[PDB]
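Enquirer: Here you go, this is query17.tsv (TSV, C-alpha atoms (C1' of nucleotides) and all ligand atoms).
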chain	number	residue	atom	x	y	z
A	1	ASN	CA	-21.70	-2.88	11.60
A	2	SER	CA	-18.54	-1.31	10.27
A	3	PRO	CA	-15.71	0.27	12.33
A	4	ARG	CA	-16.68	3.68	13.72
A	5	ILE	CA	-14.09	6.30	12.73
A	6	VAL	CA	-13.65	9.35	14.97
A	7	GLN	CA	-11.21	12.21	14.45
A	8	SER	CA	-10.41	15.66	15.80
A	9	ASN	CA	-12.05	18.48	13.86
A	10	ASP	CA	-8.51	19.80	13.43
A	11	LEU	CA	-7.82	16.92	11.04
A	12	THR	CA	-11.14	17.37	9.23
A	13	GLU	CA	-10.14	21.00	8.59
A	14	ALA	CA	-6.45	20.41	7.91
A	15	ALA	CA	-4.78	21.30	4.61
A	16	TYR	CA	-3.39	18.28	2.75
A	17	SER	CA	-3.63	16.44	-0.58
A	18	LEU	CA	-4.21	12.67	-0.39
A	19	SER	CA	-5.58	10.12	-2.86
A	20	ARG	CA	-8.51	7.80	-2.19
A	21	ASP	CA	-6.26	4.82	-1.41
A	22	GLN	CA	-4.17	6.93	0.97
A	23	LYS	CA	-7.27	8.21	2.78
A	24	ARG	CA	-8.53	4.61	3.03
A	25	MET	CA	-5.31	3.48	4.73
A	26	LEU	CA	-5.38	6.63	6.92
A	27	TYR	CA	-8.79	5.67	8.31
A	28	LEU	CA	-7.38	2.34	9.52
A	29	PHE	CA	-4.33	4.05	11.01
A	30	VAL	CA	-6.62	6.40	12.95
A	31	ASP	CA	-8.58	3.37	14.19
A	32	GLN	CA	-5.46	1.55	15.41
A	33	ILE	CA	-3.96	4.62	17.10
A	34	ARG	CA	-7.26	5.50	18.81
A	35	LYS	CA	-7.61	2.08	20.47
A	36	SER	CA	-5.02	2.75	23.16
A	37	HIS	CA	1.25	4.43	22.64
A	38	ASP	CA	4.08	4.75	20.12
A	39	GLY	CA	2.67	5.32	16.59
A	40	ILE	CA	3.84	2.14	14.80
A	41	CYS	CA	1.02	0.71	12.67
A	42	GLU	CA	0.49	-2.30	10.39
A	43	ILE	CA	-1.60	-3.25	7.35
A	44	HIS	CA	-2.56	-6.75	6.15
A	45	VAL	CA	-3.16	-7.20	2.41
A	46	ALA	CA	-5.97	-9.76	2.73
A	47	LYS	CA	-7.91	-7.74	5.30
A	48	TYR	CA	-7.65	-4.58	3.20
A	49	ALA	CA	-8.88	-6.58	0.21
A	50	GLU	CA	-11.86	-7.95	2.14
A	51	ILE	CA	-12.78	-4.57	3.67
A	52	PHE	CA	-12.94	-2.69	0.36
A	53	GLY	CA	-14.03	-5.63	-1.82
A	54	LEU	CA	-10.77	-5.79	-3.78
A	55	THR	CA	-8.73	-8.70	-5.03
A	56	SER	CA	-5.50	-9.54	-3.23
A	57	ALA	CA	-3.48	-8.42	-6.26
A	58	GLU	CA	-5.21	-5.04	-6.61
A	59	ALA	CA	-5.12	-4.58	-2.83
A	60	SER	CA	-1.34	-5.13	-2.92
A	61	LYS	CA	-1.00	-2.65	-5.79
A	62	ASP	CA	-3.06	-0.01	-3.97
A	63	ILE	CA	-1.17	-0.32	-0.68
A	64	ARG	CA	2.24	-0.32	-2.37
A	65	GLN	CA	1.63	2.73	-4.54
A	66	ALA	CA	-0.14	4.69	-1.78
A	67	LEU	CA	2.81	3.95	0.50
A	68	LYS	CA	5.48	5.18	-1.88
A	69	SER	CA	3.32	8.24	-2.65
A	70	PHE	CA	3.34	9.40	0.99
A	71	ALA	CA	6.96	10.56	0.62
A	72	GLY	CA	7.17	14.36	0.74
A	73	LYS	CA	3.48	14.82	1.63
A	74	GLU	CA	2.71	17.30	4.45
A	75	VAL	CA	-0.23	18.21	6.71
A	76	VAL	CA	-1.17	21.73	7.83
A	77	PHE	CA	-3.21	22.63	10.91
A	78	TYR	CA	-4.21	26.29	10.82
A	79	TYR	CA	-0.45	27.27	10.58
A	80	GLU	CA	1.77	24.28	11.37
A	81	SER	CA	3.06	21.72	8.85
A	82	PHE	CA	4.13	18.14	9.60
A	83	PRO	CA	5.19	15.12	7.54
A	84	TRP	CA	2.93	12.08	7.79
A	85	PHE	CA	5.77	9.50	7.89
A	86	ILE	CA	9.17	9.76	9.57
A	87	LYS	CA	10.54	6.48	8.12
A	88	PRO	CA	9.86	4.61	4.87
A	89	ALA	CA	7.37	1.79	5.01
A	90	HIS	CA	8.73	-1.73	4.96
A	91	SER	CA	7.46	-5.31	4.87
A	92	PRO	CA	8.71	-7.80	7.49
A	93	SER	CA	6.47	-10.58	6.15
A	94	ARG	CA	4.86	-11.27	2.80
A	95	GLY	CA	1.46	-9.58	2.71
A	96	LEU	CA	2.21	-7.35	5.71
A	97	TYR	CA	3.36	-3.74	5.88
A	98	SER	CA	4.71	-1.83	8.89
A	99	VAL	CA	4.57	1.98	8.95
A	100	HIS	CA	5.86	4.68	11.30
A	101	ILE	CA	3.39	7.58	11.55
A	102	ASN	CA	4.81	10.82	12.96
A	103	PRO	CA	4.02	10.44	16.69
A	104	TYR	CA	3.70	14.22	16.92
A	105	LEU	CA	0.46	13.81	14.96
A	106	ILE	CA	-1.08	11.59	17.70
A	107	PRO	CA	-2.64	14.42	19.80
A	108	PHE	CA	-4.17	15.87	16.64
A	109	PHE	CA	-6.01	12.61	15.95
A	110	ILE	CA	-7.47	12.13	19.44
A	111	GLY	CA	-8.59	15.22	21.32
A	112	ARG	CA	-14.99	19.14	19.27
A	113	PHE	CA	-14.83	16.04	17.07
A	114	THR	CA	-16.09	14.38	13.88
A	115	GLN	CA	-17.36	10.82	13.60
A	116	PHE	CA	-18.71	8.47	10.94
A	117	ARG	CA	-18.79	4.74	10.31
A	118	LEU	CA	-16.41	3.39	7.68
A	119	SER	CA	-19.24	1.91	5.59
A	120	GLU	CA	-20.40	5.48	4.89
A	121	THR	CA	-17.30	6.32	2.80
A	122	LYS	CA	-15.82	3.08	1.47
A	123	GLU	CA	-17.63	3.31	-1.88
A	124	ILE	CA	-16.71	6.97	-2.53
A	125	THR	CA	-14.13	7.30	-5.31
A	126	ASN	CA	-13.26	11.01	-5.55
A	127	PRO	CA	-11.01	12.07	-2.64
A	128	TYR	CA	-12.43	15.61	-2.62
A	129	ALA	CA	-15.85	14.05	-2.06
A	130	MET	CA	-14.46	12.17	0.94
A	131	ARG	CA	-13.13	15.51	2.22
A	132	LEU	CA	-16.56	17.12	1.73
A	133	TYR	CA	-18.39	14.24	3.39
A	134	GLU	CA	-16.05	14.45	6.39
A	135	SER	CA	-16.56	18.21	6.69
A	136	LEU	CA	-20.34	17.70	6.55
A	137	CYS	CA	-20.17	14.96	9.19
A	138	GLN	CA	-18.41	17.46	11.48
A	139	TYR	CA	-21.76	19.32	11.67
A	140	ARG	CA	-24.14	16.35	11.67
A	141	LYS	CA	-26.85	16.04	14.32
A	142	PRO	CA	-27.71	12.83	16.26
A	143	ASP	CA	-30.76	12.27	14.09
A	144	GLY	CA	-28.65	12.59	10.96
A	145	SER	CA	-29.34	16.05	9.55
A	146	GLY	CA	-27.44	19.31	9.37
A	147	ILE	CA	-26.82	22.63	7.63
A	148	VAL	CA	-23.54	24.54	7.18
A	149	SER	CA	-22.11	27.41	5.11
A	150	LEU	CA	-18.58	26.91	3.73
A	151	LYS	CA	-16.43	29.66	2.19
A	152	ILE	CA	-15.11	28.95	-1.31
A	153	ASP	CA	-11.57	30.16	-0.61
A	154	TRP	CA	-11.39	28.09	2.57
A	155	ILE	CA	-12.55	25.02	0.62
A	156	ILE	CA	-9.79	25.58	-1.93
A	157	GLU	CA	-7.06	26.12	0.65
A	158	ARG	CA	-8.14	23.20	2.86
A	159	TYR	CA	-8.74	20.51	0.24
A	160	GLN	CA	-5.89	21.90	-1.93
A	161	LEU	CA	-7.97	22.04	-5.08
A	162	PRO	CA	-6.02	22.53	-8.34
A	163	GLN	CA	-5.54	25.99	-9.75
A	164	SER	CA	-8.05	25.88	-12.62
A	165	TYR	CA	-10.84	25.46	-10.05
A	166	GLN	CA	-10.25	29.09	-9.12
A	167	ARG	CA	-12.47	29.64	-12.18
A	168	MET	CA	-16.00	29.21	-10.82
A	169	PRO	CA	-17.64	27.35	-13.77
A	170	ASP	CA	-14.98	24.64	-13.64
A	171	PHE	CA	-15.37	24.55	-9.86
A	172	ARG	CA	-19.08	23.85	-10.41
A	173	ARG	CA	-18.69	21.32	-13.21
A	174	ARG	CA	-15.72	19.20	-12.11
A	175	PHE	CA	-15.88	19.44	-8.31
A	176	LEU	CA	-19.19	20.55	-6.77
A	177	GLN	CA	-21.72	18.73	-8.96
A	178	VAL	CA	-19.61	15.57	-9.18
A	179	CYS	CA	-18.96	15.28	-5.44
A	180	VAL	CA	-22.56	16.03	-4.49
A	181	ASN	CA	-23.74	13.44	-7.03
A	182	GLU	CA	-21.24	10.91	-5.66
A	183	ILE	CA	-22.39	11.56	-2.07
A	184	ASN	CA	-26.04	11.18	-3.12
A	185	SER	CA	-25.29	7.96	-5.03
A	186	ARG	CA	-22.77	6.27	-2.74
A	187	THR	CA	-23.53	7.22	0.88
A	188	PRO	CA	-26.61	6.98	3.16
A	189	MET	CA	-26.73	10.78	3.05
A	190	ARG	CA	-29.08	12.95	1.00
A	191	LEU	CA	-27.48	16.29	0.22
A	192	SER	CA	-28.61	19.60	-1.30
A	193	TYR	CA	-27.03	23.02	-1.65
A	194	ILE	CA	-27.53	26.61	-2.78
A	195	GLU	CA	-25.01	29.29	-3.67
A	196	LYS	CA	-24.49	32.47	-1.65
A	197	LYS	CA	-23.24	35.46	-3.63
A	198	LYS	CA	-21.82	38.94	-3.04
A	199	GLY	CA	-21.90	41.09	-6.16
A	200	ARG	CA	-20.99	38.96	-9.17
A	201	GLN	CA	-18.77	36.60	-7.17
A	202	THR	CA	-20.11	33.51	-5.42
A	203	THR	CA	-18.54	33.44	-1.96
A	204	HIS	CA	-20.05	30.58	0.06
A	205	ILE	CA	-21.93	27.34	-0.50
A	206	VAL	CA	-24.71	26.41	1.94
A	207	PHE	CA	-25.20	22.66	2.42
A	208	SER	CA	-28.30	21.05	3.91
A	209	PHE	CA	-28.61	17.30	4.42
A	210	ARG	CA	-30.73	14.62	6.07
A	211	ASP	CA	-30.41	10.86	6.59
A	212	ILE	CA	-32.30	8.16	4.70
B	1	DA	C1'	-12.94	44.82	-17.75
B	2	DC	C1'	-16.12	41.20	-15.20
B	3	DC	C1'	-19.28	37.00	-14.98
B	4	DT	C1'	-21.59	32.33	-16.72
B	5	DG	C1'	-21.63	27.51	-19.63
B	6	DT	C1'	-19.88	24.31	-23.26
B	7	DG	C1'	-16.53	21.84	-26.37
B	8	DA	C1'	-11.92	19.76	-26.75
B	9	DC	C1'	-7.78	17.83	-25.34
B	10	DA	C1'	-4.49	15.98	-22.02
B	11	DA	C1'	-3.31	13.74	-17.90
B	12	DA	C1'	-4.55	10.70	-14.40
B	13	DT	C1'	-7.40	6.94	-12.20
B	14	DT	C1'	-10.41	3.02	-12.37
B	15	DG	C1'	-11.54	-1.73	-12.21
B	16	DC	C1'	-9.78	-5.22	-15.05
B	17	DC	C1'	-6.44	-9.14	-17.01
B	18	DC	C1'	-2.12	-12.30	-16.89
B	19	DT	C1'	2.24	-14.35	-14.88
B	20	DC	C1'	5.27	-16.29	-11.63
B	21	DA	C1'	7.78	-17.06	-6.98
C	1	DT	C1'	-3.47	-24.52	-4.35
C	2	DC	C1'	-3.92	-19.90	-2.25
C	3	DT	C1'	-1.18	-15.21	-1.76
C	4	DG	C1'	0.54	-11.64	-3.36
C	5	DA	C1'	4.18	-9.10	-6.05
C	6	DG	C1'	4.92	-7.68	-10.26
C	7	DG	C1'	3.81	-6.45	-15.42
C	8	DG	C1'	0.35	-4.55	-18.43
C	9	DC	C1'	-4.72	-2.68	-20.37
C	10	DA	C1'	-9.35	0.14	-22.22
C	11	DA	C1'	-12.82	2.86	-20.47
C	12	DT	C1'	-13.76	6.55	-17.58
C	13	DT	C1'	-12.94	10.66	-14.72
C	14	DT	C1'	-10.28	14.79	-13.75
C	15	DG	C1'	-7.66	19.02	-14.91
C	16	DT	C1'	-7.10	22.91	-18.22
C	17	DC	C1'	-8.23	26.49	-21.40
C	18	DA	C1'	-10.22	28.68	-25.82
C	19	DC	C1'	-14.49	30.53	-27.17
C	20	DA	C1'	-18.88	32.37	-27.44
C	21	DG	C1'	-22.51	34.71	-24.70
D	1	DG	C1'	6.32	-17.85	-1.98
D	2	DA	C1'	3.92	-20.20	1.99
D	3	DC	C1'	1.04	-23.68	3.65
D	4	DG	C1'	-1.06	-27.86	4.30
D	5	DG	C1'	-2.60	-32.29	3.16
D	6	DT	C1'	0.01	-36.71	1.25
D	7	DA	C1'	2.84	-39.70	0.37
D	8	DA	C1'	7.28	-41.55	1.17
D	9	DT	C1'	11.38	-42.51	4.65
D	10	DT	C1'	14.06	-44.78	8.86
E	1	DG	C1'	1.41	-53.63	10.88
E	2	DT	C1'	1.52	-48.66	14.19
E	3	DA	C1'	3.36	-43.59	15.62
E	4	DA	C1'	7.12	-40.28	14.99
E	5	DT	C1'	9.06	-37.61	12.03
E	6	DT	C1'	10.88	-35.41	7.52
E	7	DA	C1'	10.86	-34.16	1.96
E	8	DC	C1'	7.39	-32.86	-2.23
E	9	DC	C1'	3.42	-31.45	-4.75
E	10	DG	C1'	-0.73	-28.43	-5.71
F	1	MG	MG	-6.73	-0.63	-7.22
Can you give me the file's structure in the form of structure tokens?
Ligand SMILES: [Mg+2]

Expert:
Amino acid sequence: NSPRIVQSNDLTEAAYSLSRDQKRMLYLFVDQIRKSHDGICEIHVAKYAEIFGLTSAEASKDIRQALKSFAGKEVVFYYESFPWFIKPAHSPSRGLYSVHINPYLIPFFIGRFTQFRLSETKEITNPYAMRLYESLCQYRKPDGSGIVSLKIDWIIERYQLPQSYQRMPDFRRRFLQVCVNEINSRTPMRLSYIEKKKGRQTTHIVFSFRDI
DNA sequence: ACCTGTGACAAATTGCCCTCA
DNA sequence: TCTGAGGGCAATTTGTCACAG
DNA sequence: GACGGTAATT
DNA sequence: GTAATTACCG
């Protein structure tokens, strides 16, 4: 049974923009940190490859490009911004990377919490769908069901959706339908929704879900 | 003015392949 | 030989906007 | 490369 | 021969 990720709701609801590969590495960082500290973490190529069913080559490529793409990225807890890394990554040994996560982020990871096993998300491809599945997990019940109403503006400002998704039909076509379909096809969750409106504008989305 | 969907195009990401220390 | 660090790819998804309703 | 089984040194 | 201990190939 796969590693059980837990995280403060403050991270689930933080504002940031990360890719799938970056979020994948971040889950392992959160696991290492939580089992305790100083903030220095490590990643092995071959273990990453085995965890996510990748080749060693493509694992290496994903880690390397994720790592150089962290530079300049920031995290916002609502309203305080932090950088993820305070030193570049570096490799002491072949197939091994050592990273220095901002230790000031530690209390935000481990505190009103969200939890899910890593097997639930490791087949999701779209990072916004990972964000949505995390935000739904935050409200999940022991038995595996839940219901929550999310505001559209808060979704856009938390997941940092691109500007053209401020037009609602593109929001529907390229974000909502795709990420719900991904969740329904790639996780053990079964998800439905309905739109809440005020005048002509749609203001919230109401999600209901159960477990298979 | 506002709202909805679709058709097109561009830009980015995916799982691939090959090569060599 | 097994790893992994590079160099590429075509097919697919994601981001953007004109247009008709 | 790095490692590890193999042959080849002394 | 054995048994300790180094260079090379896949
Ligand atoms: Mg990859």

Enquirer: Rounded to one decimal place, report the CA of residue 83 in chain A-CA of residue 70 in chain A distance in Å.

Expert: 8.9 Å

Enquirer: Starting from chain C, keep only residues with some atom at most 8 Å from an atom of chain A, counting all atoms listed in the file, and report them as a PyMOL selection string.

Expert: chain C and resi 3-5+14-16

Enquirer: Please identify all protein, DNA and RNA residues within 12 Å of ligand MG 1 (chain F), counting all atoms listed in the file, and report them as a PyMOL selection string.

Expert: (chain A and resi 19-22+24+48-49+52-66+125) or (chain B and resi 13-16)

Enquirer: Quick one: distance from CA of residue 201 in chain A to CA of residue 173 in chain A in Å, one decimal?

Expert: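 Answer for the CA of residue 201 in chain A to CA of residue 173 in chain A separation: 16.4 Å.
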
Enquirer: State, in Å with one decimal place, the distance from CA of residue 42 in chain A to CA of residue 98 in chain A.

Expert: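 Rounded to one decimal, the two atoms are 4.5 Å apart.
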
Enquirer: Find the residues in chain B near chain A: any atom within 8 Å counts, using all atoms listed in the file. Write them as a PyMOL selection string.

Expert: chain B and resi 3-5

Enquirer: Export, as a PDB file, keeping the file's coordinate frame, the selected residues with C-alpha atoms (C1' of nucleotides).

Expert:
ATOM      1  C1'  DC B   3     -19.280  37.000 -14.980  1.00  0.00           C
ATOM      2  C1'  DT B   4     -21.590  32.330 -16.720  1.00  0.00           C
ATOM      3  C1'  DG B   5     -21.630  27.510 -19.630  1.00  0.00           C
TER       4       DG B   5
END

Enquirer: Give the centre and edge lengths of an axis-aligned box, in Å to one decimal, that holds all listed atoms of chain D with 8 Å on each side, as lines of an AutoDock Vina configuration file.

Expert:
center_x = 5.7
center_y = -31.3
center_z = 3.4
size_x = 32.7
size_y = 42.9
size_z = 26.8

Enquirer: Compute the distance from (1.5, -37.3, 2.5) to each atom, counting all atoms listed in the file, keep the residues with any atom at most 10 Å away, and return them as a PyMOL selection string; use the coordinates of the file.

Expert: (chain D and resi 4-8) or (chain E and resi 7-9)

Enquirer: What does the file look like for those residues with C-alpha atoms (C1' of nucleotides), as a PDB file, keeping the file's coordinate frame?

Expert:
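Okay, this is what ended up in result09.pdb:
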ATOM      1  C1'  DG D   4      -1.060 -27.860   4.300  1.00  0.00           C
ATOM      2  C1'  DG D   5      -2.600 -32.290   3.160  1.00  0.00           C
ATOM      3  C1'  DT D   6       0.010 -36.710   1.250  1.00  0.00           C
ATOM      4  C1'  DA D   7       2.840 -39.700   0.370  1.00  0.00           C
ATOM      5  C1'  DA D   8       7.280 -41.550   1.170  1.00  0.00           C
TER       6       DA D   8
ATOM      7  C1'  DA E   7      10.860 -34.160   1.960  1.00  0.00           C
ATOM      8  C1'  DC E   8       7.390 -32.860  -2.230  1.00  0.00           C
ATOM      9  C1'  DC E   9       3.420 -31.450  -4.750  1.00  0.00           C
TER      10       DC E   9
END

Enquirer: Set the distance at 6 Å and use all atoms listed in the file: which residues neighbour range 10-16 of chain A once local chain neighbours fewer than 2 positions away are removed? I'd like the list as a PyMOL selection string.

Expert: chain A and resi 8+75-77+158-159

Enquirer: Which residue is closest to chain D? Choose from A:85, A:93, A:191, A:25 and count all atoms listed in the file.

Expert: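 Of all the options, A:93 lies closest to chain D.
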